Amino acid sequence: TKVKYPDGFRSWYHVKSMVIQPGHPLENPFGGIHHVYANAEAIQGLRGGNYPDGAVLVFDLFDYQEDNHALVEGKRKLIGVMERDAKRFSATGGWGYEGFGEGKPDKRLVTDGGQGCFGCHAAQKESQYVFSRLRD
Amino acid sequence: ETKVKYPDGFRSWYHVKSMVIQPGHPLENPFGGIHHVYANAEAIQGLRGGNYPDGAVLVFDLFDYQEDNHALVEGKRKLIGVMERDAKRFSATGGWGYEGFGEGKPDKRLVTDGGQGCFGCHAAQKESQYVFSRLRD
Ligand code: HEC
Ligand code: HEC
Ligand SMILES: [Zn+2]
Ligand SMILES: [Zn+2]
């Protein structure tokens, strides 16, 4: 009952992006430029359906360099993953939560079953624990 | 065959990279905001270091942003910029056709000069076939 590394996530649908700058409540550890990616099953839930088992959402976080008032993507810091499985991850609302340092499969960041990730996402119970909304 | 096609479905293509251009940057007018670059399959072959087939398309998707408590949040789409590869049809501008679509709407074509203005800046990147964006992980 470990969350699987989402191989190939960079080929998935780009949901949205956001920049979190120093001073933001989530700066540690989510400071930087992040991109949200969704597999096919996750798109189904984002469009108004139920999230099927097998849905995966990825929070892809980069550092940025500020250069003459442009923010430029630097190195990947981590990915956060949410993997849908109603049965296996019922303790955390049907989603398994994991982080991978530098986006590497052997650098697992979560040490508490995903409880700390879940505690913040629980605020989005009404939208099946997902913050991100589909835009055009 | 003289016009760049609107790239229907580009939001489902591969996300190459992003960048933010803030006030004070030389390109804030007209490329200020958060932009994302997308590539179709044919464009990927070219970005990977292979050659660009005719039919390759690269999309520059530009959003305004809002400042919200040390976050930059995506606002309204300002425009999309499109490069469509056709070595024969678009030979006057280096084998790419250039178009801009206001607010990303198919009916709001922006380019009036056959893409010469667009090409004039892209011409500096001759050695990478007029493409600035690089693949990252
Ligand atoms: C609040 C204090 C949070 C904690 C702790 C965690 N996350 Fe979260 N997450 C948060 C917000 C406000 C957002 C939206 C970001 C945006 O661009 O709008 C997210 C997003 C995710 C995503 C993308 C899917 C979604 O819900 O929007 C993933 C995959 C994600 N978060 C995973 C994740 C993991 C693995 C966490 C513990 C290591 C975790 N999050 C904690 C807010 C908060
Ligand atoms: C310099 C003054 C430019 C003019 C005028 C135009 N473009 Fe360009 N473009 C420029 C840069 C520096 C970049 C890279 C942005 C990044 O994130 O690295 C781009 C990129 C594009 C792309 C993406 C493909 C690529 O070459 O990286 C497209 C599709 C694109 N630009 C199209 C485009 C059009 C249609 C233009 C005239 C309306 C145009 N550009 C002008 C720099 C400059
Ligand atoms: Zn402050
Ligand atoms: Zn600045």
# chains A, B, ... in the order shown; residues from 1 in each chain; ligands from 1
call {"tool": "residues_near_ligand", "arguments": {"ligand": "ligand 2", "cutoff": "6 Å", "atoms": "only C-alpha atoms and all ligand atoms", "output": "number ranges by chain"}}
result
B: 18-19, 37, 58-60, 81-83, 98-100, 117-118, 121-122, 131-133
call {"tool": "select_by_dssp", "arguments": {"residues": "chain A", "states": "alpha helix (DSSP H)", "output": "list in words"}}
result
residues 27, 28, 29, 30, 40, 41, 42, 43, 44, 45, 46, 115, 116, 117, 118, 119, 120 and 121 of chain A
call {"tool": "residues_near_ligand", "arguments": {"ligand": "ligand 4", "cutoff": "7 Å", "atoms": "only C-alpha atoms and all ligand atoms", "output": "number ranges by chain"}}
result
A: 66, 68-69; B: 22
call {"tool": "residues_near_ligand", "arguments": {"ligand": "ligand 1", "cutoff": "6 Å", "atoms": "only C-alpha atoms and all ligand atoms", "output": "NGL selection string"}}
result
:A and (17-18 or 36 or 57-59 or 80-82 or 97-99 or 110 or 116-117 or 120-121 or 130-132)
call {"tool": "write_last_selection", "arguments": {"atoms": "N, CA, C and O atoms", "output": "PDB file, in the first residue's frame"}}
result
ATOM      1  N   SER A  17      -1.177  25.705 -13.596  1.00  0.00           N
ATOM      2  CA  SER A  17       0.064  26.006 -12.925  1.00  0.00           C
ATOM      3  C   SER A  17      -0.168  27.131 -11.948  1.00  0.00           C
ATOM      4  O   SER A  17      -1.145  27.865 -12.050  1.00  0.00           O
ATOM      5  N   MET A  18       0.811  27.322 -11.051  1.00  0.00           N
ATOM      6  CA  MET A  18       0.756  28.400 -10.074  1.00  0.00           C
ATOM      7  C   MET A  18       2.180  28.639  -9.566  1.00  0.00           C
ATOM      8  O   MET A  18       3.007  27.715  -9.544  1.00  0.00           O
ATOM      9  N   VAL A  36       0.274  21.090 -12.463  1.00  0.00           N
ATOM     10  CA  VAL A  36      -0.577  19.973 -12.102  1.00  0.00           C
ATOM     11  C   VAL A  36      -0.875  19.159 -13.347  1.00  0.00           C
ATOM     12  O   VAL A  36      -1.260  19.723 -14.371  1.00  0.00           O
ATOM     13  N   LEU A  57      -3.130  12.249  -9.930  1.00  0.00           N
ATOM     14  CA  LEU A  57      -2.815  13.654 -10.066  1.00  0.00           C
ATOM     15  C   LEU A  57      -1.381  13.838  -9.583  1.00  0.00           C
ATOM     16  O   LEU A  57      -0.995  13.220  -8.578  1.00  0.00           O
ATOM     17  N   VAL A  58      -0.633  14.694 -10.289  1.00  0.00           N
ATOM     18  CA  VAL A  58       0.766  14.972  -9.979  1.00  0.00           C
ATOM     19  C   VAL A  58       0.917  16.489  -9.854  1.00  0.00           C
ATOM     20  O   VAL A  58       0.465  17.268 -10.723  1.00  0.00           O
ATOM     21  N   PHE A  59       1.526  16.886  -8.739  1.00  0.00           N
ATOM     22  CA  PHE A  59       1.996  18.227  -8.465  1.00  0.00           C
ATOM     23  C   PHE A  59       3.503  18.257  -8.726  1.00  0.00           C
ATOM     24  O   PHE A  59       4.266  17.647  -7.986  1.00  0.00           O
ATOM     25  N   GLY A  80       4.512  15.781  -5.891  1.00  0.00           N
ATOM     26  CA  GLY A  80       3.498  15.210  -5.019  1.00  0.00           C
ATOM     27  C   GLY A  80       2.538  14.405  -5.880  1.00  0.00           C
ATOM     28  O   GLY A  80       2.331  14.743  -7.047  1.00  0.00           O
ATOM     29  N   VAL A  81       2.081  13.279  -5.342  1.00  0.00           N
ATOM     30  CA  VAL A  81       1.218  12.363  -6.054  1.00  0.00           C
ATOM     31  C   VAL A  81       0.005  12.054  -5.195  1.00  0.00           C
ATOM     32  O   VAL A  81       0.107  11.745  -4.012  1.00  0.00           O
ATOM     33  N   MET A  82      -1.139  11.989  -5.869  1.00  0.00           N
ATOM     34  CA  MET A  82      -2.377  11.488  -5.316  1.00  0.00           C
ATOM     35  C   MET A  82      -2.861  10.363  -6.223  1.00  0.00           C
ATOM     36  O   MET A  82      -2.995  10.534  -7.438  1.00  0.00           O
ATOM     37  N   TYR A  97      -1.344   9.438  -0.790  1.00  0.00           N
ATOM     38  CA  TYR A  97      -0.486  10.607  -0.906  1.00  0.00           C
ATOM     39  C   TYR A  97       0.984  10.220  -0.771  1.00  0.00           C
ATOM     40  O   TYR A  97       1.322   9.488   0.140  1.00  0.00           O
ATOM     41  N   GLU A  98       1.824  10.703  -1.684  1.00  0.00           N
ATOM     42  CA  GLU A  98       3.267  10.466  -1.670  1.00  0.00           C
ATOM     43  C   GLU A  98       3.973  11.678  -2.273  1.00  0.00           C
ATOM     44  O   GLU A  98       3.396  12.410  -3.103  1.00  0.00           O
ATOM     45  N   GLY A  99       5.209  11.913  -1.805  1.00  0.00           N
ATOM     46  CA  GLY A  99       6.117  12.816  -2.464  1.00  0.00           C
ATOM     47  C   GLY A  99       7.381  12.078  -2.876  1.00  0.00           C
ATOM     48  O   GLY A  99       7.824  11.145  -2.207  1.00  0.00           O
ATOM     49  N   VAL A 110       6.970  10.907   2.228  1.00  0.00           N
ATOM     50  CA  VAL A 110       5.898  10.764   3.202  1.00  0.00           C
ATOM     51  C   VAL A 110       6.283   9.685   4.205  1.00  0.00           C
ATOM     52  O   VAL A 110       6.690   8.580   3.824  1.00  0.00           O
ATOM     53  N   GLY A 116      -0.695  13.859   7.092  1.00  0.00           N
ATOM     54  CA  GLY A 116      -0.446  15.292   7.014  1.00  0.00           C
ATOM     55  C   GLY A 116      -0.896  15.906   5.685  1.00  0.00           C
ATOM     56  O   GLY A 116      -1.475  16.981   5.659  1.00  0.00           O
ATOM     57  N   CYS A 117      -0.664  15.216   4.572  1.00  0.00           N
ATOM     58  CA  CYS A 117      -1.198  15.647   3.291  1.00  0.00           C
ATOM     59  C   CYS A 117      -2.725  15.674   3.323  1.00  0.00           C
ATOM     60  O   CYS A 117      -3.340  16.649   2.888  1.00  0.00           O
ATOM     61  N   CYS A 120      -4.833  18.557   5.150  1.00  0.00           N
ATOM     62  CA  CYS A 120      -5.120  19.795   4.451  1.00  0.00           C
ATOM     63  C   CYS A 120      -6.134  19.595   3.313  1.00  0.00           C
ATOM     64  O   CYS A 120      -7.040  20.407   3.139  1.00  0.00           O
ATOM     65  N   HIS A 121      -5.999  18.521   2.553  1.00  0.00           N
ATOM     66  CA  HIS A 121      -6.925  18.180   1.473  1.00  0.00           C
ATOM     67  C   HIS A 121      -8.346  17.852   1.966  1.00  0.00           C
ATOM     68  O   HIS A 121      -9.309  17.955   1.198  1.00  0.00           O
ATOM     69  N   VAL A 130      -9.721  17.276  -3.985  1.00  0.00           N
ATOM     70  CA  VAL A 130      -8.906  17.878  -5.019  1.00  0.00           C
ATOM     71  C   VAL A 130      -9.158  19.391  -5.027  1.00  0.00           C
ATOM     72  O   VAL A 130     -10.312  19.821  -5.086  1.00  0.00           O
ATOM     73  N   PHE A 131      -8.062  20.159  -4.981  1.00  0.00           N
ATOM     74  CA  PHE A 131      -8.086  21.610  -5.046  1.00  0.00           C
ATOM     75  C   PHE A 131      -8.223  22.122  -6.477  1.00  0.00           C
ATOM     76  O   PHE A 131      -9.012  23.045  -6.707  1.00  0.00           O
ATOM     77  N   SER A 132      -7.428  21.570  -7.381  1.00  0.00           N
ATOM     78  CA  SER A 132      -7.272  22.040  -8.747  1.00  0.00           C
ATOM     79  C   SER A 132      -8.600  21.933  -9.502  1.00  0.00           C
ATOM     80  O   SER A 132      -9.373  21.025  -9.228  1.00  0.00           O
TER      81      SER A 132
END
call {"tool": "closest_residue", "arguments": {"among": "A:27, A:43, A:95, A:10", "to": "ligand 3", "atoms": "only C-alpha atoms and all ligand atoms"}}
result
A:27
call {"tool": "closest_atom_pairs", "arguments": {"of": "chain A", "to": "ligand 3", "cutoff": "10 Å", "atoms": "only C-alpha atoms and all ligand atoms", "output": "Markdown table"}}
result
| residue | atom | partner | partner_atom_place_in_ligand_line | distance |
| --- | --- | --- | --- | --- |
| A:22 | CA | ligand 3 | 1 (Zn) | 8.8 |
| A:23 | CA | ligand 3 | 1 (Zn) | 5.7 |
| A:24 | CA | ligand 3 | 1 (Zn) | 7.3 |
| A:25 | CA | ligand 3 | 1 (Zn) | 9.5 |
call {"tool": "closest_residue", "arguments": {"among": "B:137, B:54, B:107, B:64", "to": "chain A", "atoms": "only C-alpha atoms"}}
result
B:137
call {"tool": "closest_residue", "arguments": {"among": "B:84, B:61, B:42, B:67", "to": "residue 102 in chain B", "atoms": "only C-alpha atoms"}}
result
B:61
call {"tool": "interface_residues", "arguments": {"of": "chain A", "to": "chain B", "cutoff": "10 Å", "atoms": "only C-alpha atoms", "output": "ChimeraX atom specification"}}
result
/A:10-27,31-35,37,64,66-76,103,135-136
call {"tool": "write_last_selection", "arguments": {"atoms": "N, CA, C and O atoms", "output": "compact mmCIF listing (two decimals), in the first residue's frame"}}
result
# COMPACT_ATOMS: atom_id res chain seq x y z
N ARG A 10 4.87 13.17 -17.35
CA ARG A 10 5.15 14.40 -18.09
C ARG A 10 4.38 14.43 -19.42
O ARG A 10 4.25 15.51 -20.01
N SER A 11 3.88 13.25 -19.86
CA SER A 11 3.08 13.11 -21.07
C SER A 11 1.60 13.34 -20.82
O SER A 11 0.83 13.19 -21.74
N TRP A 12 1.21 13.60 -19.58
CA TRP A 12 -0.20 13.66 -19.23
C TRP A 12 -0.74 15.08 -19.44
O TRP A 12 -0.01 15.97 -19.87
N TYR A 13 -2.03 15.27 -19.16
CA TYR A 13 -2.71 16.54 -19.43
C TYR A 13 -2.31 17.56 -18.37
O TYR A 13 -2.37 17.28 -17.19
N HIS A 14 -1.86 18.72 -18.83
CA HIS A 14 -1.53 19.84 -17.97
C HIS A 14 -2.81 20.55 -17.54
O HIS A 14 -3.51 21.12 -18.38
N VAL A 15 -3.13 20.48 -16.24
CA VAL A 15 -4.35 21.03 -15.69
C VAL A 15 -4.21 22.54 -15.51
O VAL A 15 -5.06 23.32 -15.97
N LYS A 16 -3.13 22.95 -14.85
CA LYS A 16 -2.95 24.32 -14.44
C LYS A 16 -1.55 24.46 -13.85
O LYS A 16 -0.87 23.47 -13.60
N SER A 17 -1.18 25.71 -13.60
CA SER A 17 0.06 26.01 -12.93
C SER A 17 -0.17 27.13 -11.95
O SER A 17 -1.15 27.86 -12.05
N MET A 18 0.81 27.32 -11.05
CA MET A 18 0.76 28.40 -10.07
C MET A 18 2.18 28.64 -9.57
O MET A 18 3.01 27.71 -9.54
N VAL A 19 2.46 29.89 -9.19
CA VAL A 19 3.74 30.21 -8.58
C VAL A 19 3.51 30.54 -7.11
O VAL A 19 2.66 31.38 -6.76
N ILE A 20 4.29 29.89 -6.25
CA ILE A 20 4.29 30.19 -4.82
C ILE A 20 5.64 30.79 -4.48
O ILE A 20 6.67 30.17 -4.67
N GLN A 21 5.59 32.03 -4.00
CA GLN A 21 6.80 32.80 -3.78
C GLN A 21 7.10 32.82 -2.29
O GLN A 21 6.26 32.47 -1.47
N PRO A 22 8.33 33.20 -1.90
CA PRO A 22 8.65 33.30 -0.49
C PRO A 22 7.65 34.20 0.24
O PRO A 22 7.27 35.26 -0.24
N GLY A 23 7.26 33.76 1.44
CA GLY A 23 6.32 34.47 2.28
C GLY A 23 4.94 33.81 2.24
O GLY A 23 4.13 34.09 3.10
N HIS A 24 4.67 32.97 1.26
CA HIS A 24 3.39 32.30 1.15
C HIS A 24 3.31 31.25 2.25
O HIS A 24 4.34 30.69 2.65
N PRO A 25 2.11 31.01 2.83
CA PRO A 25 1.92 29.94 3.81
C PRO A 25 2.50 28.58 3.44
O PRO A 25 3.01 27.91 4.31
N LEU A 26 2.46 28.20 2.16
CA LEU A 26 2.93 26.90 1.70
C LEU A 26 4.37 26.96 1.17
O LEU A 26 4.82 26.05 0.50
N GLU A 27 5.12 28.03 1.42
CA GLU A 27 6.47 28.13 0.87
C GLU A 27 7.33 26.89 1.21
O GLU A 27 8.10 26.40 0.38
N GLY A 31 7.12 25.99 -2.15
CA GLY A 31 7.62 27.14 -2.87
C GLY A 31 8.22 26.78 -4.23
O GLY A 31 8.99 25.83 -4.37
N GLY A 32 7.91 27.60 -5.24
CA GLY A 32 8.43 27.46 -6.58
C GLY A 32 7.28 27.57 -7.59
O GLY A 32 6.17 27.98 -7.26
N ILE A 33 7.57 27.14 -8.82
CA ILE A 33 6.58 27.05 -9.89
C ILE A 33 6.09 25.61 -9.87
O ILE A 33 6.90 24.69 -9.89
N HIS A 34 4.78 25.41 -9.78
CA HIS A 34 4.27 24.06 -9.91
C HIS A 34 3.28 23.95 -11.06
O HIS A 34 2.57 24.91 -11.40
N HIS A 35 3.28 22.75 -11.61
CA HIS A 35 2.37 22.33 -12.67
C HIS A 35 1.57 21.13 -12.15
O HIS A 35 2.16 20.25 -11.50
N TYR A 37 -0.61 17.84 -13.27
CA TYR A 37 -0.85 16.92 -14.36
C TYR A 37 -1.86 15.86 -13.93
O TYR A 37 -1.92 15.51 -12.76
N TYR A 64 12.67 28.26 -9.12
CA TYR A 64 12.77 29.24 -10.18
C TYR A 64 13.90 30.18 -9.83
O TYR A 64 14.24 30.33 -8.65
N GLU A 66 14.90 34.19 -10.51
CA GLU A 66 14.43 35.50 -10.92
C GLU A 66 15.56 36.24 -11.62
O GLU A 66 16.62 36.50 -11.03
N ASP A 67 15.34 36.56 -12.91
CA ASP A 67 16.35 37.21 -13.72
C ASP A 67 15.72 38.35 -14.52
O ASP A 67 14.91 38.08 -15.39
N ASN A 68 16.06 39.60 -14.16
CA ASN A 68 15.53 40.78 -14.81
C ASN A 68 13.99 40.70 -14.93
O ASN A 68 13.45 40.85 -16.02
N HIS A 69 13.33 40.33 -13.84
CA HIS A 69 11.88 40.31 -13.72
C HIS A 69 11.23 39.21 -14.58
O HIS A 69 10.02 39.28 -14.81
N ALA A 70 11.99 38.18 -14.97
CA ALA A 70 11.36 36.94 -15.42
C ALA A 70 11.64 35.86 -14.39
O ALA A 70 12.71 35.89 -13.75
N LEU A 71 10.65 34.99 -14.21
CA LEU A 71 10.82 33.81 -13.38
C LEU A 71 11.03 32.67 -14.35
O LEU A 71 10.13 32.35 -15.15
N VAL A 72 12.18 32.01 -14.21
CA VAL A 72 12.63 30.97 -15.12
C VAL A 72 12.68 29.68 -14.32
O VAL A 72 13.15 29.67 -13.19
N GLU A 73 12.16 28.60 -14.89
CA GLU A 73 12.20 27.29 -14.28
C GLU A 73 13.65 26.83 -14.11
O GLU A 73 14.47 26.94 -15.01
N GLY A 74 13.93 26.33 -12.92
CA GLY A 74 15.23 25.80 -12.58
C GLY A 74 15.15 24.28 -12.49
O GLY A 74 14.70 23.65 -13.42
N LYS A 75 15.50 23.71 -11.34
CA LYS A 75 15.53 22.27 -11.21
C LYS A 75 14.24 21.80 -10.54
O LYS A 75 13.66 22.49 -9.73
N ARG A 76 13.82 20.56 -10.82
CA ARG A 76 12.70 19.98 -10.12
C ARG A 76 13.10 19.79 -8.64
O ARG A 76 14.10 19.16 -8.35
N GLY A 103 11.64 14.29 -7.96
CA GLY A 103 10.92 13.45 -8.90
C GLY A 103 11.57 12.08 -9.10
O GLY A 103 11.34 11.42 -10.11
N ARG A 135 -9.31 24.41 -16.14
CA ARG A 135 -9.56 25.60 -16.92
C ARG A 135 -9.36 25.19 -18.39
O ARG A 135 -8.69 24.20 -18.71
N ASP A 136 -9.82 26.05 -19.26
CA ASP A 136 -9.65 25.97 -20.71
C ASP A 136 -8.21 26.28 -21.17
O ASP A 136 -7.99 26.31 -22.33
